[PDB]
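What follows is one structure encoded as structure tokens, with my remarks underneath.
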Amino acid sequence: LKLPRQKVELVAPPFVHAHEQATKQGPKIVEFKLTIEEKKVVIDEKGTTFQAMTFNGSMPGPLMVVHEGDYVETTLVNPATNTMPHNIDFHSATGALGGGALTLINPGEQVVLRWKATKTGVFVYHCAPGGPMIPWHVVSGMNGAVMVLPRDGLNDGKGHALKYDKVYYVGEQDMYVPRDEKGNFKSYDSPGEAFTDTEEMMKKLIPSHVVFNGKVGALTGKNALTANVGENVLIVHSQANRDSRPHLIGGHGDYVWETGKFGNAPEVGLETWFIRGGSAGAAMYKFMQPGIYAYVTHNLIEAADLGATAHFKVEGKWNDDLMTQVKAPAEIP
Amino acid sequence: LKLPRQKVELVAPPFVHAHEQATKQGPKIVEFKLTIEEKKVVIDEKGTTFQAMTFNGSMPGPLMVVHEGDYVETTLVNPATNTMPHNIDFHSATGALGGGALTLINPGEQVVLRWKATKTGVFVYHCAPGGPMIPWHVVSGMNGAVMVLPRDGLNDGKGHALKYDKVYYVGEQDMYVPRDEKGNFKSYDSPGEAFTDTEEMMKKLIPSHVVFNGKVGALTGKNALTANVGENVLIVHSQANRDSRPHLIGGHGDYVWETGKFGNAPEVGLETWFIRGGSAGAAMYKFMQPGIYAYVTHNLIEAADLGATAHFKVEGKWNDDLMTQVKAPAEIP
Amino acid sequence: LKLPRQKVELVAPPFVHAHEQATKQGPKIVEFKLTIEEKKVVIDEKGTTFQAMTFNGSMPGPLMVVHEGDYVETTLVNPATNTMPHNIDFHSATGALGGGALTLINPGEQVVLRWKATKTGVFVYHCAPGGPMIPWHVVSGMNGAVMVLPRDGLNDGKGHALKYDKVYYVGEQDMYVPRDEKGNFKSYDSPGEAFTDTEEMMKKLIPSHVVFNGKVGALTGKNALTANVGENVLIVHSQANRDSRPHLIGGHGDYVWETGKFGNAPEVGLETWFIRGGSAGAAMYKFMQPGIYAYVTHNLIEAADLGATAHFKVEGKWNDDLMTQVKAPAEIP
Ligand SMILES: OC[C@H]1O[C@](O)(CO)[C@@H](O)[C@@H]1O
Ligand SMILES: OC[C@H]1O[C@](O)(CO)[C@@H](O)[C@@H]1O
Ligand SMILES: OC[C@H]1O[C@](O)(CO)[C@@H](O)[C@@H]1O
Ligand SMILES: [Cu+2]
Ligand SMILES: [Cu+2]
Ligand SMILES: [Cu+2]
Ligand SMILES: [Cu+2]
Ligand SMILES: [Cu+2]
Ligand SMILES: [Cu+2]
Numbered sequence: 004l005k006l007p008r009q010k011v012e013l014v015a016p017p018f019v020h021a022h023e024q025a026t027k028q029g030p031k032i033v034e035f036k037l038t039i040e041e042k043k044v045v046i047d048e049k050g051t052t053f054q055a056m057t058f059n060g061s062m063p064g065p066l067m068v069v070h071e072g073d074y075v076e077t078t079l080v081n082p083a084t085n086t087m088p089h090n091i092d093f094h095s096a097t098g099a100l101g102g103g104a105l106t107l108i109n110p111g112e113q114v115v116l117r118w119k120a121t122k123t124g125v126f127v128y129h130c131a132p133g134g135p136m137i138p139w140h141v142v143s144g145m146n147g148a149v150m151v152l153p154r155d156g157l158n159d160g161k162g163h164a165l166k167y168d169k170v171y172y173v174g175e176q177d178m179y180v181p182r183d184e185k186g187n188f189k190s191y192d193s194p195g196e197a198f199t200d201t202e203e204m205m206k207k208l209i210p211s212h213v214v215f216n217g218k219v220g221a222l223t224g225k226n227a228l229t230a231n232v233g234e235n236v237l238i239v240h241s242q243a244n245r246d247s248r249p250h251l252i253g254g255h256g257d258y259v260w261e262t263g264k265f266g267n268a269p270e271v272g273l274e275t276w277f278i279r280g281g282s283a284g285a286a287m288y289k290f291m292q293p294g295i296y297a298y299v300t301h302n303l304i305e306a307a308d309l310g311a312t313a314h315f316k317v318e319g320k321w322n323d324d325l326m327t328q329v330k331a332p333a334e335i336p
Numbered sequence: 004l005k006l007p008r009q010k011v012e013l014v015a016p017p018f019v020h021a022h023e024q025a026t027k028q029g030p031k032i033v034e035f036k037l038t039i040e041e042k043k044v045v046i047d048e049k050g051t052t053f054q055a056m057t058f059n060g061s062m063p064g065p066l067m068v069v070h071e072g073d074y075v076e077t078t079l080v081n082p083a084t085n086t087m088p089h090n091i092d093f094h095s096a097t098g099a100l101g102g103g104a105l106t107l108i109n110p111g112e113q114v115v116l117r118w119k120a121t122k123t124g125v126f127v128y129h130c131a132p133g134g135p136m137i138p139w140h141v142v143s144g145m146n147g148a149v150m151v152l153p154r155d156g157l158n159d160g161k162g163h164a165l166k167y168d169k170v171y172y173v174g175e176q177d178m179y180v181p182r183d184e185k186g187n188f189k190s191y192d193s194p195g196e197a198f199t200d201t202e203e204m205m206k207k208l209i210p211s212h213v214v215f216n217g218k219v220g221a222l223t224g225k226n227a228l229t230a231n232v233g234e235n236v237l238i239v240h241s242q243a244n245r246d247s248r249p250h251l252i253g254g255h256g257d258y259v260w261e262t263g264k265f266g267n268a269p270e271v272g273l274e275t276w277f278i279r280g281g282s283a284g285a286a287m288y289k290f291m292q293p294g295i296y297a298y299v300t301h302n303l304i305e306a307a308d309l310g311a312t313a314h315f316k317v318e319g320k321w322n323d324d325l326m327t328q329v330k331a332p333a334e335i336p
Numbered sequence: 004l005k006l007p008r009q010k011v012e013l014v015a016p017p018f019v020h021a022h023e024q025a026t027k028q029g030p031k032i033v034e035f036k037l038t039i040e041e042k043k044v045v046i047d048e049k050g051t052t053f054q055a056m057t058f059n060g061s062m063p064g065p066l067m068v069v070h071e072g073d074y075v076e077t078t079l080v081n082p083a084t085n086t087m088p089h090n091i092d093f094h095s096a097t098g099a100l101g102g103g104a105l106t107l108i109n110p111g112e113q114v115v116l117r118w119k120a121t122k123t124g125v126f127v128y129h130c131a132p133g134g135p136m137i138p139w140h141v142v143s144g145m146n147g148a149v150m151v152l153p154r155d156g157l158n159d160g161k162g163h164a165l166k167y168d169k170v171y172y173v174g175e176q177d178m179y180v181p182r183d184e185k186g187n188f189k190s191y192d193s194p195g196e197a198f199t200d201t202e203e204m205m206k207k208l209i210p211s212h213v214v215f216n217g218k219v220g221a222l223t224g225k226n227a228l229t230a231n232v233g234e235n236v237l238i239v240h241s242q243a244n245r246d247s248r249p250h251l252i253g254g255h256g257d258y259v260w261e262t263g264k265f266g267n268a269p270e271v272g273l274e275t276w277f278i279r280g281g282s283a284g285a286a287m288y289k290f291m292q293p294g295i296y297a298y299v300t301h302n303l304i305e306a307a308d309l310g311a312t313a314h315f316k317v318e319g320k321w322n323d324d325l326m327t328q329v330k331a332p333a334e335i336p
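Protein chains in written order, with the deposited numbering: chain A, 4 to 336; chain A', 4 to 336; chain A'', 4 to 336. A prime marks a further copy of an entry chain.
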């Protein structure tokens with residue numbers, strides 16, 4: 004395989020490494036490295052801890068971006084400081100359980116997998132060692148996404164280009180943290196020690212936390228997402244295990260690929276869309292008003308009470324034609 | 004803003020205020036009033052009570068119907084007989100969290116919001132005061148829908164008009180009523196007193212009741228929905244917090260907008276469709292047979308056991324070509 | 004009704020009785036017989052038992068295949084060895100609650116129903132006696148599917164024929180088996196005796212088991228699904244009560260009708276699709292690589308821990324252009 008090689012420097016979510024949309028490049032071998040990290044992390048503002056397992060230290064793992072026809076060559080590294088075997092499975096790839104059957108590595112090992120990007124869209128990747136370990140590693144944080152763009156960039160299905168000014172990757176994670184008898188969340192010394200209690204809870208199918216970017220409030224405050232009025236923003240949303248229903252409060256999905264695959268035309272003008280568990284989707288919106296927006300799953304219990312809220316802070320001029328407060332709060336006549 | 008003004012007299016669901024489909028009118032300011040009512044109501048045939056909070060005294064709130072390009076001017080009134088602050092957020096609107104950030108009113112106050120109807124479809128509206136109050140006010144009943152029609156009326160995506168003979172609005176509500184130790188549903192003296200137990204249950208994500216039009220059996224008996232053979236009926240279905248899967252037992256969705264947005268062509272000939280939590284959808288069906296139909300969510304446990312069943316009573320002539328009992332029940336030979 | 008009559012010999016899932024895709028036949032009366040069987044069965048590898056109720060002795064019931072415009076004439080038989088009344092409701096049919104209102108039969112009785120196949124797609128059929136019995140009979144196993152093909156066969160929505168080389172029917176069943184105080188699954192002497200405990204659990208909405216073809220591991224080992232590289236396989240997936248998110252691990256959905264209705268064009272290149280509870284869908288894939296694939300619902304807890312995994316064993320030549328292990332596991336440098 005004698006194609007040019009291009010290295011990518013991955014960046015932590017919700018940011019995305021620099022890439023072209025439409026390109027005049029032909030197929031390349033695009034080289035990525037992912038290093039697995041098992042670590043105890045804090046997941047909420049009360050200080051609840053969690054035995055996480057991650058690609059590159061983040062939940063979600065970083066977004067990888069290539070074009071249709073590229074070959075994706077991933078070096079997966081499992082350092083000796085980890086305790087368990089791991090692998091990687093790409094929903095974008097064809098064969099060998101997505102790559103999982105060719106990438107099982109013990110602590111202290113690495114492996115190199117190449118796959119051809121023959122299908123366009125956004126796709127989940129995740130660890131999948133085998134058996135009951137599969138859901139456990141996924142819900143512990145071992146999932147991310149890849150985006151495979153058409154070489155001509157995105158289009159609206161009617162012959163018009165859609166170009167985004169920026170892209171963000173929102174990875175949603177369902178977490179299962181057991182409680183003790185008095186009702187406090189339990190802490191564990193190792194992923195192995197968390198396993199028995201965690202599996203019992205997992206099989207009851209109700210998460211304790213549903214978070215974006217690994218923690219309650221991760222995409223708020225100094226880390227709110229940003230835009231300006233007039234900017235077209237692409238939001239890639241993934242959920243490797245459980246359904247989600249994204250919604251931009253105060254906005255819309257102007258162009259939405261809820262099943263996430265660019266060979267299908269987008270739907271237009273959505274209020275709320277649906278990300279099937281085990282998939283990624285994408286939505287584009289051109290901001291028309293300044294101020295704060297919330298990006299949520301629109302099970303509002305999960306959004307407000309279990310962690311699944313991000314903010315956008317948008318700069319620009321208020322449009323009174325679109326919306327105006329005609330009369331401020333006042334006493335009823 | 005010097006456009007003509009038109010007042011609308013809202014009607015209680017499942018009925019919808021009179022409106023045009025295709026229209027020769029240009030944009031207008033369409034004026035609506037919603038008055039919030041907190042009240043204890045009965046939700047099932049066993050006499051279980053519930054601390055409801057409503058727009059205009061109903062669950063769901065009434066359907067508001069306008070055309071693309073209209074300006075919707077809503078007077079929201081929070082009488083002094085209520086106990087909590089409230090607001091309103093329209094998924095159809097652009098900016099200020101859908102209007103929520105401009106409409107927070109204490110008991111004794113009112114506010115007037117105007118928004119331009121730039122996106123067509125059916126959309127949820129709901130209360131959203133802030134923080135954990137958001138899911139609580141929604142699942143207590145503070146949600147409804149708005150329909151924004153194209154000025155040319157509905158079409159099938161192939162150049163043909165779809166015209167409905169009647170429209171019904173089915174609002175589905177997930178309710179969370181706690182139980183006492185012996186397993187009976189609890190009653191509370193105020194919404195505030197219901198809050199702690201209700202929030203604990205809400206975060207476990209399993210409703211005690213799933214109802215149409217506010218109560219088990221609301222859309223049955225004297226209040227069954229009606230049609231005649233030959234009539235094209237539009238059913239608007241909303242769910243502000245939790246997914247639903249509508250199904251017309253004995254019929255179909257001839258033309259369905261499950262994501263609810265009229266800039267997309269409908270799908271045809273569905274058995275069951277899907278309403279994402281936080282959205283409204285719409286389905287049209289031309290009745291071909293008389294008799295009783297059930298309209299359900301097709302999680303049949305929720306339909307039969309938790310409350311989510313409506314009936315249609317349809318008049319007309321039976322069509323033996325479509326279906327016939329060839330041999331009535333008889334002893335096996 | 005003076006049309007030719009054709010008998011069909013039904014076969015047990017996941018296989019499908021022989022049929023034509025495109026046909027030069029005109030409408031016929033196609034005759035099917037279903038015999039209800041109530042029986043205690045084993046549902047997992049630990050030996051948990053379950054009070055099943057079935058059409059033709061299987062979960063799911065067999066797939067019935069006809070063409071648009073055919074008349075489907077079903078003889079439903081309820082032998083005297085059963086204990087309860089039963090009926091059948093077809094989502095493909097028009098009127099009388101899908102046929103349910105014309106087919107209620109006591110043990111010892113049979114009935115004959117005919118319906119015209121006016122809508123194309125895959126559709127659920129299920130028992131629906133009345134009231135709380137409806138969900139109970141469905142989740143006890145009394146559901147299957149019918150496929151109504153266009154007379155010209157399937158197409159891609161762009162004028163090209165899709166022809167499948169083989170079709171499999173995967174019926175997914177959510178099961179509710181109660182536990183005793185010490186946490187073991189309970190066994191019951193009759194469906195009637197299982198009813199009270201089972202209904203209590205059902206209303207909590209969380210299944211104990213989620214299985215394909217009636218049992219954990221049913222579609223594995225000697226009973227894995229099979230294909231060869233180059234073969235186009237259609238997978239029909241039904242779920243009569245609860246949502247599912249099918250995914251072919253290591254493959255894709257090349258052409259997918261997730262709502263299951265052939266008057267709509269398929270979507271292309273999906274990773275995971277969505278079967279609404281109360282529906283059937285269909286996906287086609289042309290295998291490109293040999294080896295083992297898993298077909299799952301991509302709630303991985305349900306797939307790995309509650310039973311919802313099937314295998315495909317695929318023969319043929321490995322394609323190193325699509326995927327290759329560049330460097331086998333080795334020590335980190
Ligand atoms: O945007 C993708 C869509 O656009 C088209 O190429 C042109 O309509 C379709 O063939 C494709 O499904
Ligand atoms: O029904 C709405 C659909 O109808 C069309 O206008 C004509 O096909 C499309 O552009 C639109 O998405
Ligand atoms: O595959 C079904 C689809 O194919 C067409 O006949 C041709 O595009 C459409 O009218 C239909 O919805
Ligand atoms: Cu792992
Ligand atoms: Cu996967
Ligand atoms: Cu409120
Ligand atoms: Cu909302
Ligand atoms: Cu039955
Ligand atoms: Cu049904």
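In this text, a Cβ means the ideal position worked out from N, Cα and C, and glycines have one as well.
query                                                                                                                        : result
Host beta strand (DSSP E) of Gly294 of chain A (start-end)                                                                   : 294-300
Beta-carbon proximity check, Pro17 of chain A'' vs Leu222 of chain A'', cutoff 8 Å                                           : yes
Under 8 Å between C-beta atoms of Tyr172 of chain A and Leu79 of chain A                                                     : no
Beta-carbon proximity of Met204 of chain A' to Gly144 of chain A', cut-off 8 Å                                               : no
Cβ-heavy atom distance, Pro135 of chain A' to ligand 6, below 7 Å                                                            : no
Rounded Cβ spacing between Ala307 of chain A and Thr300 of chain A (contact assumed at less than 8 Å)                        : No, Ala307 of chain A and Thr300 of chain A are not in contact; Cβ-Cβ is about 10 Å, not under 8 Å.
Minimum C-alpha distance to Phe215 of chain A'' - residue among A'':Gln242, A'':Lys320, A'':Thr77                            : A'':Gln242
N-terminal and C-terminal residue of the alpha helix (DSSP H) that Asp200 of chain A' is part of                             : 194-205
Backbone secondary structure at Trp139 of chain A'' - three-state DSSP                                                       : helix
Inter-stretch contact at 8 Å, needing at least 3 Cβ pairs: the region 185-198 of chain A'' / the region 261-278 of chain A'' : no
beta-carbon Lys161 of chain A near ligand 1 non-hydrogen atom, thresh 7 Å                                                    : yes
Contacting positions in the region 101-121 of chain A - beta carbon closer than 9 Å to chain A''                             : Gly101, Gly102, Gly103, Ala104, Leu105, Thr106, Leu107, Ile108, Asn109, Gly111, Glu112, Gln113, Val114, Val115, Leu116, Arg117, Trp118, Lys119, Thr121
Status (buried if at least 16 other CB within 10 Å, exposed otherwise) for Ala104 of chain A''                               : buried
Simplified DSSP assignment, three categories, for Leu237 of chain A'                                                         : strand
Proximity test, Cβ basis, 8 Å: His94 of chain A'' and chain A'                                                               : yes
Rounded C-alpha distance that separates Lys206 of chain A'' from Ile39 of chain A''                                          : 26 Å
Length of the line joining the Cα atoms of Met87 of chain A' and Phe58 of chain A'                                           : 14 Å
Cβ neighbour criterion (16 or more within 10 Å) applied to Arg182 of chain A'                                                : exposed
Closer than 8 Å at the beta carbon, the chain A' residues around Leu208 of chain A''                                         : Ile209, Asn302, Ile304, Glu305
Heavy atom of ligand 2 within 7 Å of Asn158 of chain A' beta-carbon                                                          : yes
Expected contact under 8 Å - CB spacing of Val239 of chain A and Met150 of chain A to nearest Å                              : 6 Å
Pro332 of chain A': first and last residue of the uninterrupted beta strand (DSSP E) it sits in                              : 326-334
Residue environment, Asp177 of chain A'', which counts as buried when at least 16 other CB atoms sit within 10 Å             : buried
Shell residues, 6 Å Cβ cut-off relative to heavy atoms of ligand 8                                                           : A'':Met56, A'':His89, A'':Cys130, A'':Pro132, A'':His140, A'':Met145
Pairwise C-alpha distance: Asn244 of chain A and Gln24 of chain A'                                                           : 42 Å
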